[PDB]
Novice: 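Structure in structure tokens, see below.
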Amino acid sequence: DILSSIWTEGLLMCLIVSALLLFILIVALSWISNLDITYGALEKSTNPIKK
Amino acid sequence: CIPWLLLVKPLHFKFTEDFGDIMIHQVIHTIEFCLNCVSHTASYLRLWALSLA
Amino acid sequence: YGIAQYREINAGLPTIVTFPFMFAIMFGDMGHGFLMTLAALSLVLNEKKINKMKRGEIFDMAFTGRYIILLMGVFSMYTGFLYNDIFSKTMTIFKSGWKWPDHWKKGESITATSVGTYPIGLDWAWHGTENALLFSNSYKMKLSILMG
Amino acid sequence: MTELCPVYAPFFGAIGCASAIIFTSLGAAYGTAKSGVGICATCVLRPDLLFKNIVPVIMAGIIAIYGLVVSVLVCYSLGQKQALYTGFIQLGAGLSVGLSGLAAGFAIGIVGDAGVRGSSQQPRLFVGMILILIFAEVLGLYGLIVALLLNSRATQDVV
Amino acid sequence: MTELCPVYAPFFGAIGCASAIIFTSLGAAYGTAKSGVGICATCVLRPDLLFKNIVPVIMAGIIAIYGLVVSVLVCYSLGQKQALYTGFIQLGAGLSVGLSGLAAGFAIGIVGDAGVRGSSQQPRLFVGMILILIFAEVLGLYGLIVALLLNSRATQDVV
Amino acid sequence: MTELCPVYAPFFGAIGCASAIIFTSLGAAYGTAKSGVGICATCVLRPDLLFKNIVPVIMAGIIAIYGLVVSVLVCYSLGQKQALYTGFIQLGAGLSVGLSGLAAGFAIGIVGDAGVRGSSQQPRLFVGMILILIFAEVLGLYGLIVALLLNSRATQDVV
Amino acid sequence: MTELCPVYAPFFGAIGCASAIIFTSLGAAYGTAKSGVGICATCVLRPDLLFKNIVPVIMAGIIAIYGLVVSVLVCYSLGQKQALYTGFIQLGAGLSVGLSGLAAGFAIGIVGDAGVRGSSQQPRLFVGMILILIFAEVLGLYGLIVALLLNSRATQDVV
Amino acid sequence: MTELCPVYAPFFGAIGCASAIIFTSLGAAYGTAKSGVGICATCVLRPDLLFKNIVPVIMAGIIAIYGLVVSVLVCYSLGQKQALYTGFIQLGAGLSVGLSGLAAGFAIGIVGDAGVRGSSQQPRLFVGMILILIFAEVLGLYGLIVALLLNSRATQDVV
Amino acid sequence: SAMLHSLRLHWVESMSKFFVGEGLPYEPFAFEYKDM
Amino acid sequence: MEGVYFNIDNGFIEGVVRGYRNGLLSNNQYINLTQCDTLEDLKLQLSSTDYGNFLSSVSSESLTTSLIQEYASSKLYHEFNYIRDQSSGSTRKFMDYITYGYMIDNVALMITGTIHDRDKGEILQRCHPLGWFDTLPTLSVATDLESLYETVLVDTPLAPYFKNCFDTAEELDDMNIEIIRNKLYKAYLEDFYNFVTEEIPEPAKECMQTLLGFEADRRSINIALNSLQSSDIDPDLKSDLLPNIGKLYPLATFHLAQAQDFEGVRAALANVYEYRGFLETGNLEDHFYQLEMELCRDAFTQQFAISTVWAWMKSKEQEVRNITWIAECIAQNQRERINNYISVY
Amino acid sequence: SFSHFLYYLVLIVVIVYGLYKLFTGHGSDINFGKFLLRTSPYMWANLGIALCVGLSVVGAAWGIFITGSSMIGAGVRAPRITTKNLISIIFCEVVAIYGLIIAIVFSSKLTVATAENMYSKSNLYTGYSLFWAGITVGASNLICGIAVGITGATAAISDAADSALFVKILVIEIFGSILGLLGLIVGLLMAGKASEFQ
Amino acid sequence: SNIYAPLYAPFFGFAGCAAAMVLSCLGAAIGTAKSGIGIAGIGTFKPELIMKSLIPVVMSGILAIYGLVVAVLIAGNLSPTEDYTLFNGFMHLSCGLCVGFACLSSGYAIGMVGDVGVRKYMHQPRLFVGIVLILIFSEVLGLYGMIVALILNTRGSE
Ligand SMILES: CNC(=O)O[C@@H](CC(C)C)c1nc([C@H]2OC(=O)/C(C)=C/C/C(C)=C/[C@@H](O)[C@@H](C)\C=C(C)/C=C(C)\C=C\[C@@H](O)[C@H](C)[C@H](OC)/C(C)=C/C=C/[C@@H]2C)cs1
Ligand SMILES: CNC(=O)O[C@@H](CC(C)C)c1nc([C@H]2OC(=O)/C(C)=C/C/C(C)=C/[C@@H](O)[C@@H](C)\C=C(C)/C=C(C)\C=C\[C@@H](O)[C@H](C)[C@H](OC)/C(C)=C/C=C/[C@@H]2C)cs1
Ligand SMILES: CNC(=O)O[C@@H](CC(C)C)c1nc([C@H]2OC(=O)/C(C)=C/C/C(C)=C/[C@@H](O)[C@@H](C)\C=C(C)/C=C(C)\C=C\[C@@H](O)[C@H](C)[C@H](OC)/C(C)=C/C=C/[C@@H]2C)cs1
Ligand SMILES: CNC(=O)O[C@@H](CC(C)C)c1nc([C@H]2OC(=O)/C(C)=C/C/C(C)=C/[C@@H](O)[C@@H](C)\C=C(C)/C=C(C)\C=C\[C@@H](O)[C@H](C)[C@H](OC)/C(C)=C/C=C/[C@@H]2C)cs1
Ligand SMILES: CNC(=O)O[C@@H](CC(C)C)c1nc([C@H]2OC(=O)/C(C)=C/C/C(C)=C/[C@@H](O)[C@@H](C)\C=C(C)/C=C(C)\C=C\[C@@H](O)[C@H](C)[C@H](OC)/C(C)=C/C=C/[C@@H]2C)cs1
């Protein structure tokens, strides 16, 4: 009455835990990759009319 | 007491359009107070949380 | 937060004590409390000189609340004494209310028996004990609920 | 390998020791990066605020400290023959601290950036930012705490 | 193949030896690339700062030194008949240094780019960037540490 | 559990009770939302048309009434020991009415938005919108007919 | 459950009965929606054309008639103990008609929108749109012919 | 169910009968839609070309006839006890024809749109579009042919 | 952190109970050194 | 939803922009300005607004309507450029897109001055600062578009918008400048509409589509009415100037392209119901400005939208105009038309 | 899209595997029931407790950033709102404290079961109950926090626009802040009849 | 013991509970958040219209009451010492799906209608009544998922 020889309950538990973790990591890395530096405050203006 | 807090003061004002404002304020205050008892009792567990940490 | 209504109960008078003591509950360590007390005393005892000179925004805020921090440190010392926590360690001033078994072997799980109640503060018997956290959590949850 | 203590039980606890630091260091890095971007944008105009707009970058690091604490506590409860219950508890304790720290960091960053950008204009806002930041930080704390509680059960009454 | 030491246990160890250096190098490359872009953008105007805006590229490379410290240590504890617990510990240690050094490198790159861009205008900002960068570079350290303190348990008390 | 009536047969019929109401409400909500957006955009200029540009919201609602008619008919034919054929029939009826109502509700929403926006300018367009909306509504009725003609076979001649 | 007639054979007949009306309604809804958008855009200027630019919405509705015909015929041939071959045939007929109607309806929506928009300017174009729309309808009729020729074999010569 | 003729062999043939008409209709619908959009855009200026810019729609239609030729042939060769080899052959023929027709219909739509748009300006371009459309249409033919030459082997020399 | 969670327990949990607020701050007309 | 991801980058931007909005002069403040008897009184009254001490460095004798306009506009542009200095990613691209129109306007002002031999200093003073690019003063060297593009505008963000301006003759004059300026605003508006549709999320995608459709419609109507004055222009050439993103497109824009008289424009606008009475009576410019203010007000009812940066810049830009107008009626003493200050907030 | 392509590939692989097992007579080999029965209830309980706390925190943090970022922007010109709208940030942080509370209550049921009484009716029920109650509390608190933060940002901007507006938007927050409470309640009802693992 | 009541059947009943509560809360939060963004937007113009414009948030909350009721009913029928059929668990999984997704749809429609009407009837005060009608129609969508859920509970226990 085993679930499977390859996909044992322990292996499936490990895999679903790792999948939850990898999904979280993917979300976090997507969010971090969306980090865009606000350059406008980092470069100097060059406008004679103003600034 | 929930009906008490909700009704006694606005009804006293009615019996002596402003009554509408009084009733609205009393309803908001009662909901806020009833939720705040629980949310304030749970919040003071931050004392334990920060002490433990 | 806001300006009190005219002739309304002022929240500063009660905060003088309640804001430092609620902090102390959240802090509860005689070591850190003593360090903070000394930091506040440095400003308080030299309050005239610091007032005369110019101060930065953060330093100005710290100096203005110098008595705040003094009270926070004193109450933190008191609470840490009640928590028996000095730099994460415990003091053994009083006889403990727990007696460990007369004899045991190395690595043997031993449980203590209640022979009394610690006079002031948490008994040092459950320092470094496996279940210490279970008692500390219960006590401090209930303490926070009651105080709040 | 016992019924209650399979050979794969240490898998979950080691993934929890890792998850705690990896996700509290993801959140802390996000917070530090965004707060530093804000600090670099503001201190061009207002360098005098720099050693006082560092607070968000100090709070994000405290998130990483909360998961270095849960990781080190979970790593010393890890064993070759430690029960599957202990492994699940250690995974849960790292999932909690790591995710809560990620959320707290992500919020610390977004809120520190806003508050440093606005404090260069309204100094009175510094108090507002620090108060909104102490509530983003407490989230992480709440994770650590849960994690800590989890570890208080991980190895106890376990066969 | 023993119950406790299957033939596939070295898989996780070898995946950790890989992951540590892999993710630390990814983070270090990200940081070096962005910091170098900032340095090239600034030193066009301010070459005199170049040999002093190289700090983020140094701090990003300490992330890869941390991943090489864990890969080299995980590698010397890799064995044909090493326990599955040891393999899981060696995977957690690599993921800890690797994914905490990825985050630190991302933070280092962003902060260094911002700080080199702003330091060409406000020199006093360079010290703020160095503090913000020590807080980012700290994250990676923590992962190394949790990864070290996981190798201290990898082979020990293991049958 | 019989060969023909496994314990998991009620799963499919239950997914059909859900599919009927999950999708007919999704379509009806889409239609009601877009038609209401159009009505709010138009009635700012033409409030007198309001009670009469409500037709697309009434039409989108009959899409949800169609999946309530199938969900309630499918739910009164469900059973602990009901055949797998009956379960598949009840899943196919719920899918039929739910999908056909989703499509009809999408068409109803788009057409109603367009027709309310255009009817505030050309009143003669209203009858044209009603007809194009009757054609879109019709698609949900065809799904209800196939779902109702599937329940006529769900429990019948079944062992 | 026979070798040739498993308990799960009715699964593919019901999915084909559902697919027959689910995809034909999706295509018809797409066509009706886009044609109605075009009709509402044009009839603001040219209401007199409305009861004659409704053709794409009538042509996109014959797509759903094609899936009601196959859904109704596939469903009266469904059975608890009907062969797996019959189930596969009823799935292939429902896929054939639904997919072919989906494509037809998409073409009928795009072409009808374009032709109603252009016919308000060039009336001679209406005949061209009706022709391109007859071609789009044949794509659906061809799927109905394949689906109707698949059901002619579904239950026949089947044990 | 024989070794060579499982009960699931008809599954492939039915997916092939459906795939042949499903993808050839998808391609034909794409081609008809885009060519009709082009025809509606051009015939506003040049209605006289309309009954002669219909060629791409007539060419995209032939893509669907090719899928109907393969679907009707694949279906008359479907059987309850037909070999798995025959099922794979009927799936391969249906895939062949449908995919080639999809590609041919996409090419036909794009080329026909471009050529009708350009022919309203340069009539001499019409012959070039028919030449490029003959080439796009022969991509579908070559699928049909491969499909045909796959059905010539589907039922033959099969036990 | 603990100083600022004490502030919320005072501003939100303590002063929510009795503090009406919305008063007029006392800013009497006084001369003060104004720095350029 | 709009709120979930909007505040990760644009929360502070929207808060500050909405704070700027709250400072928009209301009708009562405009009336108070109207009652001012002098530019000194106008400055004092404006000091009570969020303009504040913006003229505090200006002496009494130096107060002029031109100076007041310059200072208010400089305040607006400094606010805009700061908000850009706090924005990143898609928002930076959006705010850069807002500047590309001012750049097209400056390119025409610069080249129009170069062909009239006017001093480059005055021509550059009159140029819109938001529309500044490093090589803008270098447009004061050449006359033919070929040299100007191959030497200056290829490196500018306006380069993609030079794909239909090469047809005209090498010799360049005022009519050719107007043609080039309309072609550059057609290509720009189409590019800014595409950028909004693909990258700018909803409901700032819809708000910015509506506000660019209005811009395109106004440009088309103005182009048609200006071509009316000219003896005749090829309708195909006109169609190359009318943007293809507005409510007018493709029917009303077409009819305007082939329109050859004022009644033709009126017939073209009759079909579209949003511009019915614009040409019926009144001042067309005032009608357009009122519609723009109404559209911007509507963009402020939608939070978690970067359409509010555009709606604040165009609202504030109207405010400045209004102030200038009032200032004129105070400086020149013609107070009969002082109340035509178009107020919506 | 790479993500959409991966989703489609996973769906196709799952469908093909299911059809292969079903046709070959091994449809029952994909036994979700056996997976649930044999997977340790400890995993379900601990995942529930971790996801409860984590998702409650995620929503709290997500709301705090939405409210916090809009308060800071609006307080540049109207700093008076900073303390007034801070109640919004307390409605966002209160969901987290609910999750924490639930974790504490649910962690009390994380006892150690005996080897024989491990996959029993009570222990499997306790695992499912604490997994799904934690999921419910965490997701409800996530939604409530993100929604209350979106309302708090609107309230902060309105307060900056006009003070009188705030009290009217706070009501909406009070409407949203209850949604986590309900989840909390429902969680307590799910894990109500659950018992410590025995 | 009972093959028709396997020990994993409570997993499905608790999945239904979670679906009900979480998805109804998601609808009520999409409704109260999106409708609330419409009430704050108008606040800058017609602050006086905000208190009457709370019908959309009140209606969105009733969607999380439809899911609380269903979840409470499902949880009252789940016990570790009671024989829960796998049929009762499927029937409580559909209850959850039925109420949660119906309330999600109702909440999306209520957020979309409330937001735009509130932001729209600033100019036209007569539009408001219509909003209340449309908001009713959307709200009914959730009710229907509740009702079907109730019927599915009455049949799961029986
Ligand atoms: C990918 N390229 C790469 O590998 O670069 C190679 C060079 C190649 C081009 C050949 C590198 N050589 C180095 C050498 O040091 C340096 O230049 C400098 C200035 C080091 C001083 C710095 C910046 C110190 C910061 O960390 C501190 C304040 C950060 C933290 C958190 C605080 C602590 C207590 C952590 C300390 C550890 O970080 C420690 C320092 C690290 O322990 C493993 C270590 C001993 C790295 C190797 C450094 C060499 C000597 C760095 S990079
Ligand atoms: C989203 N909230 C929601 O659920 O709304 C609920 C609750 C509300 C009170 C809030 C609704 N109650 C109703 C009631 O009717 C009406 O107002 C009106 C005017 C109905 C007439 C209409 C428009 C008929 C069109 O379909 C026709 C031409 C379309 C087609 C294709 C032709 C046929 C032969 C189809 C007929 C079926 O459509 C039939 C009619 C339907 O059979 C199931 C039915 C009896 C629905 C319930 C109607 C009630 C009385 C509508 S909405
Ligand atoms: C979107 N909702 C929806 O479902 O609407 C429903 C319900 C409505 C009452 C609301 C619809 N009822 C109808 C009714 O007919 C009509 O009005 C008209 C004018 C039909 C004539 C048309 C246009 C014929 C075109 O196809 C021809 C030239 C196309 C092709 C390729 C050539 C051939 C040989 C194909 C023929 C089949 O197509 C045949 C025609 C179809 O065989 C199944 C059939 C007899 C449908 C029933 C139509 C009814 C009478 C249409 S739509
Ligand atoms: C939408 N779906 C659909 O079916 O529309 C129906 C619409 C009606 C039901 C209303 C259609 N009826 C037709 C009829 O053809 C025509 O008018 C004409 C003049 C077709 C001539 C064309 C253009 C031939 C091109 O292919 C040639 C040059 C391309 C190539 C590479 C060369 C070769 C050797 C390929 C030949 C095959 O293409 C062959 C021809 C095809 O063999 C299967 C066939 C006999 C199709 C049916 C045609 C009918 C008579 C087309 S569309
Ligand atoms: C956030 N989550 C949450 O808990 O909300 C709490 C939050 C607050 C404590 C702050 C809420 N308390 C309430 C209370 O109601 C009200 O104020 C008002 C005015 C209710 C009248 C309304 C608008 C009725 C509409 O539905 C009608 C026209 C819609 C339809 C389709 C038709 C019918 C026949 C309605 C059937 C059910 O809808 C029924 C009415 C509902 O049965 C379950 C019910 C009795 C809910 C609870 C209401 C309380 C008293 C609402 S929100």
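When a ligand or atom number is given, it counts from 1 through the structure's own listing order. Lettering follows sequence order; numbering is per chain, from 1. All values below were derived from every heavy atom in this structure, side-chain atoms included, with hydrogens, water molecules and symmetry-related copies excluded.
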Novice: Please could you name the atoms of ligand 5 that K:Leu182 approaches to less than 4.0 Å, counting only its heavy atoms?
Specialist: 4 (O)
Novice: Which residue and atom name correspond to the protein heavy atom nearest atom 21 (C) of ligand 5, and how close is it?
Specialist: L:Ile62 CD1, 4.4 Å
Novice: Among protein heavy atoms, which lies nearest atom 16 (C) of ligand 5, and at what distance?
Specialist: L:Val58 CG1, 3.8 Å
Novice: Return the closest protein heavy atom for atom 49 (C) of ligand 5 as residue, atom name and distance.
Specialist: L:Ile65 CD1, 4.9 Å
Novice: Protein heavy atom under 4.0 angstrom of atom 23 (C) of ligand 1, is there one?
Specialist: yes
Novice: Would atom 14 (C) of ligand 1 count as contacted, meaning some protein heavy atom under 4.0 Å?
Specialist: no
Novice: Measure the distance from atom 12 (N) of ligand 4 to every protein heavy atom, then report the residue, atom name and distance (to 0.1 Å) of the closest one.
Specialist: H:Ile65 CD1, 4.1 Å
Novice: With atoms numbered from 1 as shown, which atoms in ligand 4 lie under 4.0 angstrom from a non-hydrogen atom of G:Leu139?
Specialist: 1 (C), 2 (N)
Novice: What closest approach, in Å, do H:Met59 and H:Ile130 show between heavy atoms, and which atom pair accounts for it?
Specialist: CE-O, 4.1 Å
Novice: Can you list the atoms of ligand 5 that are under 4.0 Å from a heavy atom of L:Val140?
Specialist: 31 (C)
Novice: B:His25 vs B:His29 aromatic rings, parallel, tilted or perpendicular, using cut-offs 30° and 60°?
Specialist: perpendicular
Novice: Is the closest protein non-hydrogen atom to atom 44 (C) of ligand 4 under 4.0 Å?
Specialist: no
Novice: Is the shortest distance from atom 40 (C) of ligand 4 to a protein heavy atom below 4.0 Å?
Specialist: no
Novice: Purely on distance, is any nitrogen or oxygen of E:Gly61 under 3.5 Å from one on ligand 1?
Specialist: yes
Novice: Identify the closest protein heavy atom to atom 10 (C) of ligand 5: which residue and atom is it, and at what distance?
Specialist: K:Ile178 CD1, 3.4 Å
Novice: Tell me, which protein residue and heavy-atom name are nearest atom 29 (C) of ligand 5, and how many Å apart are they?
Specialist: L:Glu139 CG, 3.9 Å
Novice: Which of the atoms in ligand 1, numbered in the order shown and given with their element, are less than 4.0 Å from a heavy-atom of E:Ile62?
Specialist: 22 (C), 23 (C), 26 (O), 38 (O), 41 (C), 51 (C), 52 (S)
Novice: Give the atoms of ligand 5, by number and element, whose distance to some non-hydrogen atom of L:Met59 is under 4.0 Å.
Specialist: 23 (C), 25 (C), 28 (C)
Novice: Looking only at heavy atoms, what is the nearest atom pair of L:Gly117 and L:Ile131, with distance?
Specialist: CA-CD1, 3.7 Å
Novice: Could you tell me whether E:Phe126 atom CZ has more than 12 heavy atoms of other residues or ligands within 6.0 Å of it?
Specialist: yes
Novice: Which option wins on minimum heavy-atom distance to atom 18 (C) of ligand 4: H:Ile58, G:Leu131, G:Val138?
Specialist: H:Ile58
Novice: Are there protein heavy-atom neighbours of atom 37 (C) of ligand 1 below 4.0 Å?
Specialist: yes
Novice: Check whether any protein heavy atom sits under 4.0 Å from atom 32 (C) of ligand 4.
Specialist: no
Novice: E:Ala104 and E:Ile63: which non-hydrogen atoms are nearest, and at how many Å?
Specialist: CB-CD1, 3.6 Å
Novice: Given that the side chain starts at C-beta and the backbone is N, CA, C, O, which of these parts of K:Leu179 lies under 4.0 Å from ligand 5, counting heavy atoms, or is it both or neither?
Specialist: side chain
Novice: Give me the nearest non-hydrogen protein atom to atom 34 (C) of ligand 1 as residue plus atom name, then the distance to 0.1 Å.
Specialist: E:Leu141 CD2, 4.7 Å
Novice: Tell me: protein heavy atom nearest atom 26 (O) of ligand 4, and distance?
Specialist: H:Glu137 OE2, 3.2 Å
Novice: As a test of the contact definition, would atom 47 (C) of ligand 1 count as having a protein heavy-atom neighbour under 4.0 Å?
Specialist: yes
Novice: For atom 51 (C) of ligand 1, decide whether some protein heavy-atom distance is shorter than 4.0 Å.
Specialist: yes
Novice: Between L:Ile39 and K:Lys168, is any pair of side-chain heavy atoms under 4.5 Å apart?
Specialist: no
Novice: For ligand 4, which atoms have a heavy atom of H:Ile134 less than 4.0 angstrom away?
Specialist: 31 (C)
Novice: Below 4.0 Å, non-hydrogen atoms only: which portion of L:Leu68 touches ligand 5? Side chain, backbone, both or neither.
Specialist: neither
Novice: Nearest heavy atom to atom 42 (O) of ligand 5 wins, so pick from L:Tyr66, K:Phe175, L:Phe137.
Specialist: L:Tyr66
Novice: Side chains of B:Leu35 and K:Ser177: does their closest heavy-atom pair fall under 4.5 Å?
Specialist: yes
Novice: Considering only the protein, which heavy-atom contact is closest to atom 3 (C) of ligand 5, and what is its distance?
Specialist: L:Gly61 O, 3.6 Å
Novice: Go through ligand 1 atom by atom and flag the ones less than 4.0 Å from a non-hydrogen atom of E:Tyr66.
Specialist: 37 (C), 38 (O), 42 (O), 43 (C)
Novice: Just by distance, with hydrogens left out, do B:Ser39 and K:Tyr98 show a side-chain donor and acceptor under 3.5 Å apart?
Specialist: yes
